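See structure below.
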Ligand SMILES: Nc1ncnc2c1ncn2[C@@H]1O[C@H](COP(=O)(O)OP(=O)(O)CP(=O)(O)O)[C@@H](O)[C@H]1O
Ligand SMILES: CC(=O)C1=C(O)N2[C@H](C1=O)[C@H]1c3c[nH]c4cccc(c34)C[C@H]1C2(C)C
Ligand SMILES: [K+]
Ligand SMILES: [Mg+2]
Ligand SMILES: [Mn+2]
Ligand SMILES: [Mn+2]
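Residue numbers (PDB author numbering): 1 to 994.
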C-alpha cells in the first residue's frame, strides 16, 4: 500500500477491506505473506575468505608472476642431475610471495563487521496485532506481520513495520525517529491526512516507521508496508549497493596492473623477435630443446624483473604505521587505505546533530520579569554555559557569573523546571558521562536546575552519580508532586499539581506549575510574577514578552523556547477530573507567567576552529542534516560555515527545495551550497554522489543510522565514537573521543602518507626498470644473463624493501596543510619525471650488464677477452675450436653475476638518497635528514655482504664474493648514478618548472 500518509484512515481501512476492531483474517494473512513476503530485511553476506584470496589471484598482473611461477616450477623439475638441490627455491620464493601478498591483500580490504547486521538490531523480534480470530491482542513474530495488519504499539516498543496511525489511545504518541532524521526529540504524532505527496519523513506525522521507537503512549495502526519497501529498507538497500570502491592510489595500483601486464607481453614477443633474429642461423647443433628452454628462462627473469614484488608489503606497512599514528589521536581506522584517502579529500559532508553538535539539548538563555512599570515591562535575561547534559556550567548576567538564588524569580523558574518534568539525569559509570533519562527537552531543564543550584546546595563532594539530580532532589523536598496534567496537542502545555511539603515555611497553599509553548501559556496568564510579587498581565506587557520570545526563536538564536507559569490558586483536587485531557486547558487558566527558557543542541567546542583549518587546506565543509532549516543555518553561522550576516538564499536548501531543482542545477547546488536540511537518508548519499560526479574526493562524517548510506557512498566515511553502531560499521574511520579536530589531523597524516607513498613507489619502480633493461640487454644481444630471478626477487623484496620503507618515514612538508587538495586525476609520473628514471633506469640496466660482461673481457680474472665470442656462447659445446684458450663452463660463473648484482644493489642504494627529495639536490637537502634511511641502507648493504659470505647463501643465489678491486670497480661504476640524477635535479629546479 503506497501513499499511506496522504490517505485518510478510512481510505487505508477500505483499501485492505478490514475493520480496525477486527483485523485481517488468518487466511488473508496467509495470502498477504504469499504476496508481500515476510516482514524482514535480507541479510547481506560478503564472500568467504575462500572467494577473497581467489580474487587476489585474478587481476592480470598477479597471473604474470604465477605464470613465471609454474614455468619456473617446470624449468626446475626437469633440471639435470646437476643442481636439483636448490632449483626449486625459485618456484617457491615466487610461489611464497604470491601467497604472502594475498593474505595481506585480504587482511586490509576485508571489512569484518557488517553494517546491515547492525541495522537489523532495529528489527524487533516481536510485534503486536489484532487479527479476526481473537478479540485480544496477539503477540507474534514481527517477520510474520503483513500489509493490512492492525498493529498496536506502545511505550518502549520498536515499531515493526511502516504503519499508518489509525487511533492514538494515549493522550499523545511520542516517537523517537532518530534513525531516519538523526534527531532524538520526540515527534508528536496525529492521525490526519498529510496531503503532500512529496512529504518527507519529518512531515509524515501520521506514520510510524519500522525501526523507530515509541518514547511514550499507545496507538493502533494499519501496516502500509513491510520488508524492503520501508524507510529502513531503503537504508538497507543503499548499504547493500556495495560498490567496494578503492583509494585513488589503489585505483592507480589496479590501473598500473593493466599497465605493466601489457608491457611484459609486448617485451616478451619483442625478446622473441630478437630471439627469432638468430633463428635463421641456429646451425641445428642443439635442436630446439635448448632454444625453447632458454626463452622461458628469459621470460621468468623478465616477468620477475618487471613486477615490483615487495611493493604490496611496503605499502601495507606504511598504511599500518599510519593507522598506529592516528590511533594515538583517538582515530580508529577500520580500513587501511582510508588513512591516506582523507588527504585527497576536497569536500567534507557532515551530519549536524551529534556530529557537528553534542546532541545534548542545552538551556543557554533564560529570562524572568524584573519590573513592570504600568505599560513598560523590564526583563531580566541570563545566559547559561555548558553544552552537555553534565551539570557543569554557570549562569551568567552580562557575561559574568551570578548566583541564581539571588533572584526569587529564578528560584521559581528552577522549581517549575524541576517539578514540571518527567525526566531526569543519570551518570553512566561505564561510559563516564552524564546521560539523559527521558526526553532531551526535559533533561535540558533538569540539567539547568543543577547548574542554577538556587539553594546553594553543597555539591562539590558528591560522587558524579549522586550529583546528577542533587539540586532537583532538593526542590522535591520542598514541593510534593501530587499529579500531572500531561501534555496534549490542543493546549501545547503540561502541568503538575503540588503541595508544600510537611513543615512548610516555604509557602502555604497548593500550586500548579506549568510549562509549554509560549503563546498558549501566555494567553492563559492573567498575572506576571515580579520577584515574589504578582501584577496583572496587560496587553503591552504580553506583547513585549511574546516579542522577545519570538526573537529568541528565530535569531542567530533559533532556540526552542518554553514559557513557565504557575497557577497561584488552583482548583481543589476534587473539582478536577484527571481521566479527561480535554479538561486540562481550563485547569491551567488564570496563570501567573514566571519566565522563559531557550534551548538548543549546541556545537562541539572544536568544530569552528576545525572548519577554518579545513578552509585553509582548500577543503569545503557541507552540513547535511535531518533537522529543520532555520536551526541548521543558525548552527552553520555559529560554526563559521556561513558568516554571521551572510545571505544564504541559494546556499542552503531543504531536501525538498533541493529536489525541486532541475537535475543540472542540483549538481551545481552541491558546489555552491553548504547546508542541506530536513533531509532523508537518501538525500545525503545523493549529495555525496553529485559531489563525486565532479570527481571530488568526498568525505562524510556522521553518527546516525540516517547517515549510513552517505557514509558508505563517500570515498571516506567517518563516524563519531559515541554515535550508532550502524554508522561506525558503515565507516572507514571512527573518532573515538568525538573530537572533530581529529579529522583535520587525519587529513595532514593522509597527505604526509601520500607524498611518501608516491616517491617510494618511484624508487621501487626505477629499480624494476633497470632490471628489465638488463634482462633485455643480456637477452637480445645473446649474452649470458647478468641476473637471474632468485637474485632479483631478493633485491625487489628485501634489498629495495628496507629503503622503500625508510622513505615512507620521510618528514612531511611544512606547508602540507596550506596547499589545496591534489587532483584525483594526477598521475604518478609526467613527462619530465617519466624519462627521468628511464634515464636512471637506462643506466642501471646497462651498468649491470656492463660490469658482468666486464668480468669477461677487460677484467683480470678474467677467462676472458672473447669479444664477439661472448655474444655467442650457444656454440661453445658445438663450435669449440672458436673458443680456444678457455673452458666451456666459465660462462656460468658466479663472479660476473655477483658483479652485476653488486652494481644493482649499489645503484639502488644510491638511488634511495636521490629519492629523499624530488627536486632539491642533496647539496641543499642533506643525506643525513632521514636517519632511518641510513640505518635502512646499511642493513641492505650488510645483507648484501651476507649472501656473498655464508656457505649456503651464495649457492642458492649463484654468487661468489668480490675482491676489493672487484668492489672499487663496482663503486666507480655505480656512484655516478648520484651525480646523474643530481644534475637532473639542477635541470628541473631552475630551467624546467622552478
Ligand atoms: N512534554 C511537553 N510539555 C510541555 N510543552 C511541550 C512538551 N512537548 C512539546 N512541548 C511544546 O509544545 C510544542 C508541541 O510540539 P509539536 O508536536 O507541535 O511540534 P513541532 O512544532 O516542534 C514540530 P515540527 O518541527 O515538525 O513542525 C513544542 O514545540 C514545545 O514547545
Ligand atoms: C597475490 C596478490 O594479491 C598480489 C601479488 O602477488 N602482487 C600484487 C598483488 O596484489 C600485484 C599487483 C597488482 N597491481 C599492482 C600494482 C603495483 C604492484 C603490484 C601490483 C605487485 C603485484 C604482485 C605480483 C607482487
Ligand atoms: K565509504
Ligand atoms: Mg546525527
Ligand atoms: Mn592482490
Ligand atoms: Mn507541531
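Every residue gets a Cβ at the ideal spot worked out from N, C-alpha and C, and that includes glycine.
Query, Result
"Pair within 8 Å by beta-carbon distance, residue 714 and residue 729", "no"
"Exposed unless 16 or more other CB atoms sit within 10 angstroms - verdict on residue 465", "exposed"
"Alpha-carbon spacing of residue 849 relative to residue 312, whole angstroms", "28 Å"
"Chain-order list of residues whose beta-carbon lies under 7 Å from that of residue 836 (same chain, five-residue window excluded)", "984"
"Through-space distance from residue 363 to residue 164, alpha-carbon basis", "35 Å"
"Rounded distance between the beta-carbons of residue 601 and residue 357, thought under 8 Å", "5 Å"
"Supposed contact pair residue 514 and residue 567 - C-beta distance, whole angstroms, cut 8 Å", "7 Å"
"Local conformation of residue 421 per DSSP, three classes", "coil"
"CB of residue 211 within 8 Å of CB of residue 188, strictly", "no"
"Per-residue DSSP class, three states only, for residue 500", "strand"
"Bridge-paired residues (DSSP) for residue 140", "127"
"Residue 1005 Cβ short of 7 Å to ligand 3 heavy atom set", "Within the shown structure, residues of the chain are numbered from 1 to 994, placing residue 1005 beyond reach of any answer."
"Any non-hydrogen atom of ligand 1 within 7 Å of residue 564 CB", "no"
"Proximity winner among 692, 150, 113, 115, relative to residue 127 (alpha-carbon distances)", "150"
"CB-CB length for residue 495 against residue 194, believed under 8 Å", "Actually they are not in contact, since the Cβ atoms of residue 495 and residue 194 sit about 30 Å apart, beyond 8 Å."
"Helix, strand or coil at residue 606 [DSSP, three-state]", "coil"
"Cα-Cα separation, residue 962 to residue 903", "12 Å"
"Residue 288, buried or exposed, once every other Cβ within 10 Å from all chains shown has been counted against 16", "exposed"
"Cβ-heavy atom distance, residue 995 to ligand 5, below 7 Å", "Outside the modelled stretch of the chain, which goes from 1 to 994, sits residue 995, for which no answer is possible."
"Nearest-angstrom Cβ-Cβ length linking residue 208 and residue 167, presumed shorter than 8 Å", "Not confirmed; about 12 Å, so no contact."
"Test item: CB-CB of residue 726 and residue 710 under 8 Å", "no"
"Test item: CB-CB of residue 943 and residue 795 under 8 Å", "no"
"The stretch 586–603 contacting the stretch 524–531, beta-carbon criterion three pairs below 8 Å", "yes"
"Whole-angstrom C-beta distance between residue 790 and residue 93, which should lie under 8 Å", "6 Å"
"Straight-line gap, residue 51 to residue 97 (C-alpha atoms, nearest Å)", "19 Å"
"Inter-residue spacing [alpha-carbon to alpha-carbon] between residue 125 and residue 141", "6 Å"
"Inter-residue Cα distance where the pair is residue 1009 and residue 913", "The question about residue 1009 has no answer here: the residues shown for the chain are numbered 1 through 994."
"Three-state secondary structure (DSSP) of residue 616", "helix"
"Residue 318: first and last residue of the uninterrupted alpha helix (DSSP H) it sits in", "311–327"
"Rounded separation between residue 905 and residue 767 - CA only", "9 Å"
"Straight-line Cα distance separating residue 104 from residue 233", "34 Å"
"Length of the line joining the Cα atoms of residue 370 and residue 546", "16 Å"
"N- and C-terminal bounds of the beta strand (DSSP E) containing residue 702", "698–702"
"Alpha carbon of residue 716 to alpha carbon of residue 342, nearest angstrom", "7 Å"
"Exposed unless 16 or more other CB atoms sit within 10 angstroms - verdict on residue 923", "exposed"
"Proximity of residue 611 and residue 639 at Cβ, strictly below 8 Å", "yes"
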